[PDB]
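Novice: There's a structure below that I have some questions on.
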Amino acid sequence: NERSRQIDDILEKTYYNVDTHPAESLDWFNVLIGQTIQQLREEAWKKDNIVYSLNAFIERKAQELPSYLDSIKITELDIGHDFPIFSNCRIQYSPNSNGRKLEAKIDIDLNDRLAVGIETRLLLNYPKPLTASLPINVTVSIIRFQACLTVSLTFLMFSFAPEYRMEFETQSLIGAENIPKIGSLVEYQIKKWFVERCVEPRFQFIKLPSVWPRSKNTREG
Amino acid sequence: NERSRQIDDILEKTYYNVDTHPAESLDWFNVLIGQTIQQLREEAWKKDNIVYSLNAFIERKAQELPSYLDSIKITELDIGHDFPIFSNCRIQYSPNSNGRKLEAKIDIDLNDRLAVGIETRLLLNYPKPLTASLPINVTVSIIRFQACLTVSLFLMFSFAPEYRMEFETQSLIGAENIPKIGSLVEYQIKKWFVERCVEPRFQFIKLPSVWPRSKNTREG
Amino acid sequence: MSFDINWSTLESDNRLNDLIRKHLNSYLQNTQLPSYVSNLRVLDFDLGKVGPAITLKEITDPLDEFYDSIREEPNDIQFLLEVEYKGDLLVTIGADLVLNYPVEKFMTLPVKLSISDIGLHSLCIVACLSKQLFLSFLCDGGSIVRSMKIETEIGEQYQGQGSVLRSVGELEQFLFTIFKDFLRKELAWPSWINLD
Amino acid sequence: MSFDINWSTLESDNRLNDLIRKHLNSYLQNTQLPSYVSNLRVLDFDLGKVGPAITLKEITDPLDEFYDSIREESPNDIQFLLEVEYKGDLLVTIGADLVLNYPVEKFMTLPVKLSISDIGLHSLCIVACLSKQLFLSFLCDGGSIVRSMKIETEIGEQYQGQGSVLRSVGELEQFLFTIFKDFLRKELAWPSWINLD
């Protein structure tokens, strides 16, 4: 009732119609986003920061990981040299909510080299118990990401559509290569963390700080 | 030094050229922004929250304020029923930095009723000392705002000094508005505004972490 | 639009009683005097406890003469007010009266005059300049102090002589003339006063 | 492709020693034995020091028969295809009473100790772990998994010279060989598979 009325007030006072407006370019967002992400990439010790960050998470959660694997060390890790591109930005009503809230709908595409270098063994029991676990150097990459993303504010609600494109470029080395079940399994775990946290119908709400101008937030140069 | 090469890699890998690319519509921004600001308005508590915040800003300093005024109470406060509209979003090099950093440049316009109700007195000394300060009910409003804004990336943003601000002031004293009232209110208002928010004085807000963590996952 | 000071302060303050009283004494000692008045003294004084009425007619930026007063000896304000005093300011002025109807230097009389029921009407501007305070009056001066009841007490032995009462009257209206002269020279436009 | 346990992890295990003495002694004590073999018994068993040589060569997720055996009684499962080469130092000693019958029937009964040694094996294998039920299967077909074996026989010094005795001795030995390859090809050869827990 009055909720849909409020959404109508927003839409009317904003030069926007849900059924007739065309998509928007959104490139400046890719420019400033490219600035921030260039800034995060150029942090030299953040490569080690997230080497440790990924390590710590992986070790505790290892029971969810396949049991035939041993200890998981990361010896290689690359971030890339390209940037994500947003385009086709829409505004729709929130589904299943009878016209309660509004939300943006942006297309996103990314192409670069996104690699992680694993070093693991493969144990089996109970002979003898403990086996001559062979070594695996598992360099796994991601190269393309096309997604249809939903944003909104109530916090920062955003998530992906389940019909997303995720392209993996996996390689391994065992004792003394291009072995597929490795890449398919790493795909299972990666898309398990991903769908577990950041895919419909499971969103991620991020805290919204106050933007009000305050004197403890004023600098110059 | 040669970190302009990095800006060049950004602009090259983002379908963007500084001299040729056109301005962008930016209306989705006004939509989600309209949702947030409507949410902050619909809270009946923030009315008293910022009534309190203004009284607290008044209490800390009575020095920068003209001495012919006494104590300052707010009895009236309205937020509005309209929303701001952005358009013309550009990307340019940062000035005086010899081409170091990049920055978006968004035009902004807003039309609504922004009010506040003051109640003050007018003391004078040293007869007798303390005068029979006459009371002023000063309801002051803003109606239009046009500006040329600069954002960049913590957050970086400020306003061009050639901005438009249009006021609407009224005052009753005993039982008739006066222009010097509104001119004085304009003075203090634009003093705080330019002091904290206008070139060449920016505002740097802390940038939180957006990367997915499990302590940031909800549903419904 | 009233300025209602319950100005109780001044009905009790000795300091302004003797500061206005001292200012009046000082005014009496310096002025050149006629020959028929020997000595002028402020025997008594009281501002009273009836507040003058004030109405704020306008309020604008100060005029271009106050800044001259500054640079000689930004974001300020001046008020255009309307000042009315019909209250109870009372002054008692002692005076020795050289009475000379039969012959010159015939007598020297003890005299006490009462200035009372003082009425006063004018417009005023008060300009404070963060926070230097300046006062000035608008009406033409002199005749601004339109109402004054000055009644004279002499000795009982000389009350019936019209010849004495003539000198009494001359002293009275001379006191009137230097009263209006004082206020017109001190406060009338253009002249203005600092530190109130 | 490198594997190497210096599997001393077994020799401290007298528990495994007696586990294979138990399973092996049990497979010997229950058999339709020939008439010239009164009793079979394992006395001195040892698994040895040298471990076999293993090379992994393939890897898939499933094989559609392990899941048959499980569905009778997930994509996170795995199976390996490996090449097994045993040439090491396993030794079995089997006691046996030999009804020798050359001159007449039930002529003699000999105390005989046999030694199976120098066992050579070479074949392919698959191992399917199914989070985490473990299964294993062999691939070389007609019992040719046993390619090398050396069974020598100690009898008494008094009968070391009669070839008539050595005929019955040879019959017992090759019977042990045939029940050996029969045991292996019946228990493990494709399709047969087993779990270990």
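Since chain B takes its numbers from Swiss-Prot, the residues it shows come out as 194-346, 369-390, 395-439.
Technique stated in the header: X-ray crystallography, 3.8 Å.
Just so it is clear, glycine is given a Cβ too, placed from its N, Cα and C backbone atoms.
Here's the feature list from Swiss-Prot:
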BINDING   B:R253, B:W411, B:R415, B:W430, B:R432, B:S433  1,2-diacyl-sn-glycero-3-phosphate binding site
Novice: Distance between the CA atoms of B:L346 and B:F369, in Å, given 22 unmodelled residues in between?
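Specialist: Cα to Cα, the distance spanning the unmodelled stretch is 6 Å.
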Novice: In which DSSP state, out of helix, strand and coil, do we find B:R415 (1,2-diacyl-sn-glycero-3-phosphate binding site)?
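Specialist: DSSP call for B:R415 (1,2-diacyl-sn-glycero-3-phosphate binding site): helix.
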Novice: By a simple count of other Cβ atoms within 10 Å, which of B:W411, B:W430, the binding-site residues in the record, is least packed?
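Specialist: Counting other Cβ atoms within 10 Å of each of the binding-site residues B:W411, B:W430 gives the minimum at B:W430.
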Novice: What is the Cα to Cα distance in Å between B:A390 and B:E395, where a stretch of 4 residues has no coordinates?
Specialist: 7
Novice: Would you mind pulling the DSSP three-state label for B:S433 (1,2-diacyl-sn-glycero-3-phosphate binding site)?
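Specialist: For B:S433 (1,2-diacyl-sn-glycero-3-phosphate binding site) - judged by DSSP and reduced to three states - the answer is helix.
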Novice: List the residues of the same chain that sit at least 6 positions away from B:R415 (1,2-diacyl-sn-glycero-3-phosphate binding site) in sequence and have their Cβ under 8 Å from its Cβ, in sequence order, or write 'none'.
Specialist: B:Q422
Novice: Give the number of CB atoms, excluding that of B:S433 (1,2-diacyl-sn-glycero-3-phosphate binding site) itself, located within 10 Å of its CB.
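Specialist: So the Cβ neighbour count for B:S433 (1,2-diacyl-sn-glycero-3-phosphate binding site) comes to 10.
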Novice: Where among the binding-site residues B:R253, B:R432 do you find the Cβ with the fewest other Cβ atoms within 10 Å?
Specialist: B:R253
Novice: Taking Cβ distances under 8 Å as the criterion, give the subset of the binding-site residues B:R253, B:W411, B:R415, B:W430, B:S433 near chain A, ordered by sequence.
Specialist: B:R415, B:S433
Novice: Which whole number of Å gives the largest C-alpha distance between any two of B:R253, B:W411, B:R415, B:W430, B:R432, B:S433, the residues noted as binding 1,2-diacyl-sn-glycero-3-phosphate?
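Specialist: So the binding residues stretch over 42 Å, Cα to Cα.
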